[PDB]
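We begin with a single chain expressed as structure tokens, specifically the form deposited without the partner chain.
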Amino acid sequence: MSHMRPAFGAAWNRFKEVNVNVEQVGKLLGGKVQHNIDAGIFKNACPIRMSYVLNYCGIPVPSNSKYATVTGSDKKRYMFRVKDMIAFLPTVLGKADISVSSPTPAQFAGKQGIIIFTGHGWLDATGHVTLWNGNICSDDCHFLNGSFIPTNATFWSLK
């Protein structure tokens, strides 16, 4: 069985709607998301953005012990840890079309879809989830960052 995936256009459009800095993202999504953003408890906009994209493209973020979630003023669930979004994606999209070490844009030429860049900073492993249109990311790509060294890119095509 194949898994349904969001249309690339719709995903790109919702993402555009939330492509601002974290505090502006809270100031937009309202509710407990905004509260935790203003408190300094949520500092990463990335999983919240991606939660908004998935929620409004018809993949509702679940109520599950595997994923840390709060609610926005829309009563929909939002993840706020990037590792959780990263784990969540294959469970709904199926296995990635591409996963490569030492990621460069050449490996994704002529492709469009959801892309996860993982790697490490000076102290911890981390990641970034975004959209890729064949030339740019919807916010920032992390190909071979501040001081973030990318070691993998994992990617699903969207139509």
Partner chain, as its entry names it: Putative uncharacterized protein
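Residue numbers count along the first chain shown, from 1. What we label the rigid core is the largest C-alpha set whose atoms superpose within 1.5 Å from one form to the other. Shifts are known only where both forms have a C-alpha.
Colleague: What number of residues from the deposited sequence go unmodelled in the gap from residue 144 to residue 145, classed as none, 1 to 3, 4 to 9, or 10 or more?
Modeller: Going from residue 144 to residue 145, the model skips 4 to 9 residues of the deposited sequence.
Colleague: Got a sec? Mean C-alpha B-factor, which is higher, 36 to 44 or 88 to 96?
Modeller: 36 to 44 has the higher mean C-alpha B-factor.
Colleague: Check the entry's C-alpha temperature factors for 23 to 31 and 50 to 58, then say which stretch has the higher mean.
Modeller: Between 23 to 31 and 50 to 58, it is 23 to 31.
Colleague: Out of 64, 126, 101, 112, which shows the largest CA B-factor listed in the entry?
Modeller: Across 64, 126, 101, 112, the entry lists the biggest C-alpha B-factor for 64.
Colleague: When the deposited Cα B-factors of this chain's modelled residues are ordered and cut into thirds, is residue 68 in the lowest, the middle or the highest one?
Modeller: Highest third.
Below: the form solved in complex with the partner chain, not depicted.
Colleague: Counting only heavy atoms and a 4.5 Å cutoff, which of 40 to 48, 96 to 104, 53 to 61, 109 to 117 contacts the partner chain in the entry with it bound?
Modeller: Contact-bearing stretch, as computed: 40 to 48.
Colleague: Given that the partner is absent here, does residue 36 sit within 4.5 Å of the partner chain in the entry with it bound, heavy atoms only?
Modeller: Residue 36: contacts the partner chain in the entry with it bound.
Colleague: Does residue 70 reach the partner chain in the entry with it bound, with heavy atoms at most 4.5 Å apart?
Modeller: So residue 70 counts as contacting the partner chain.
Colleague: Does at least one non-hydrogen atom of residue 21 fall within 4.5 angstroms of the partner chain in the entry with it bound?
Modeller: No, residue 21 is distant from the partner.
Colleague: Indicate whether residue 147 is a 4.5 Å heavy atom neighbour of the partner chain in the entry with it bound.
Modeller: Output for residue 147 is yes: heavy atoms within 4.5 Å of the partner chain.
Colleague: Can you name the residues of 79 to 118 that have a non-hydrogen atom within 4.5 angstroms of the partner chain in the entry with it bound?
Modeller: The stretch 79 to 118, when checked against the partner chain in the entry with it bound, contributes 80, 81, 82, 83 at the 4.5 Å heavy-atom cut-off.
Colleague: Answer yes if the Cα of residue 125 shifts by 2 angstroms or more between the shown form and the other one on a rigid-core superposition, and no otherwise.
Modeller: Residue 125 C-alpha, core-superposed: shift of 2 Å or more.
Colleague: Would one find the Cα atoms of residue 101 and residue 125 closer or farther in the entry with it bound than in this form, where their distance changes by 3 Å or more?
Modeller: They are farther apart; the C-alpha distance rises by 3 Å or more in the entry with it bound.
Colleague: Once you account for a change of 3 Å or more, let me know if residue 124 and residue 101 sit closer or farther in the entry with it bound, using their C-alpha atoms.
Modeller: Here the pair is closer than in the entry with it bound; there, farther apart.
Colleague: Enumerate, in order of sequence, every stretch of at least three consecutive residues present in both forms where each C-alpha is displaced by 2 angstroms or more between the shown form and the other one, superposition done on the rigid core.
Modeller: Once the cores are aligned, run 122 to 125 is the only one whose C-alphas move by at least 2 Å.
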